[PDB]
Each structure stands twice: as structure tokens, then as C-alpha cells.
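What follows is a single chain, given as C-alpha cells, in the form deposited without the named molecule.
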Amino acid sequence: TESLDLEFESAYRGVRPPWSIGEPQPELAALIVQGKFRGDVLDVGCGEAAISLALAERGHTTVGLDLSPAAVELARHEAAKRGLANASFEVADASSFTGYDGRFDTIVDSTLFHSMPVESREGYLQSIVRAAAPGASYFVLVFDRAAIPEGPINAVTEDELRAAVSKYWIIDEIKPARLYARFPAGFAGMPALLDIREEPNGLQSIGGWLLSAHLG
């Protein structure tokens, strides 16, 4: 068995989590501007939910689900600052949740995928399909196993991601992507044990995959 529950809750309680960049992940924002996000949106493993909030400002009704109660507090607090009525959040387990049958037209996984055990993937994919309206779109941003080793994080190879997701969705594209964060100084050692790319605006990125799919 393996579990990151205590770590995520401690990170959100707080120094802020490196992945809480205060904006949607750039790779996913690019899909939004292309018009790929439609209708009611589910932000699964939402964390502080920057992408939910950006979508709710654009007129979408959004729901964010996270196993961490501290994440859900932060998401609600930023929704209050922005005066949003159309963004809601709930504490739930993405691998086994109900109550939203056929509700969502777009489901977005912004780095949740690698944050659960490999054995939970089936239940997660079944749960989001159950919550999906006909023809829904699904987008995943996930670490690449070439960048993040076997350990607490269950990063994926392209073939592994395709095999897991294609059992439940029609895959349109899988391509290399960057996952952005603001890591502390000396993150992962000196020398560093991971390949961390330095980006503009003091951000960093790690290699990943961006998958686009739709319910068949």
C-alpha cells in the first residue's frame, strides 16, 4: 500500500505548495484558449483550483474535487475573493466518487493522475466516466516516468498512459509537456537528483505528458 494524503494536507496547510502557481498550468491554459473546454467542468484533484477559477470567470459552471480538506478551503477562499458563485468544491476521493452522473462536458486532471496509486486508476477512470456527459472531453497533465522515478509519485510512460486511459476514453493526442512549479532553493539537492528546468518568471518545469481524449 501507499498514501500521500497526509503530505498533501500538510502542504496545503503550510511556504506554499510549489505546484500552486496561482494560474492554470500553462499547457492546459493553451487548450482553454483553443476553445477545448466546454460546458460544465470537473477539475478532479483540484487543489487550490486555479483552472476551475479561471473557467468560472469565463462563464463555466465548475466543480472541483480534492481529497484534501485544506485544498478545498483554499479553493473556496480564492473563489470568495473573486466573487464567484458558479465554482463549487467538495472533499471527495477521485478514485471512488458518485453524485454527478452524466454531469460534465469537460473533465480536467491537472497533475492528479500520478498522485494516486497505480491500483486506484481503474476506479478513478470509471468514476469520471460515470460523471461524464455524452461526448465529454478529458484532459490529463501528468509527470513522465523518464523524469520522475518509481517512488511516492506514479509518473507514466506514454504507452502506460495510453493503455490506462484508452480502456475508458477515445484518445485524440498524447504529446510531451511541461509541468510548472515554483520550487524552493536547492530543491532535490546540490547537485540536484532530478532534472528541473529553469523557466521565465522564476518558475521551473519538469517533463510530462499532455493527453486529450473524448468519451466515445
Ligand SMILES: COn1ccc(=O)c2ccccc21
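The first residue of the shown sequence is 1; numbering continues from there.
Another form exists, deposited with the named molecule bound; not displayed. Remarks below refer to it.
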At 4.5 Å between heavy atoms, only one of the stretches 175 to 183, 34 to 42, 56 to 64, 162 to 170 reaches the named molecule in the bound PDB entry; which one is it? 175 to 183
The named molecule contact at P18 in the bound PDB entry, heavy atom, 4.5 Å: yes
Report whether the minimum heavy atom distance between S137 and the named molecule in the bound PDB entry is within 4.5 Å. no
Within 4.5 Å, heavy atoms only: does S115 come near the named molecule in the bound PDB entry? yes
Does at least one non-hydrogen atom of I153 fall within 4.5 angstroms of the named molecule in the bound PDB entry? yes
Contact set, 71 to 93 vs the named molecule in the bound PDB entry - heavy atom within 4.5 angstroms: none
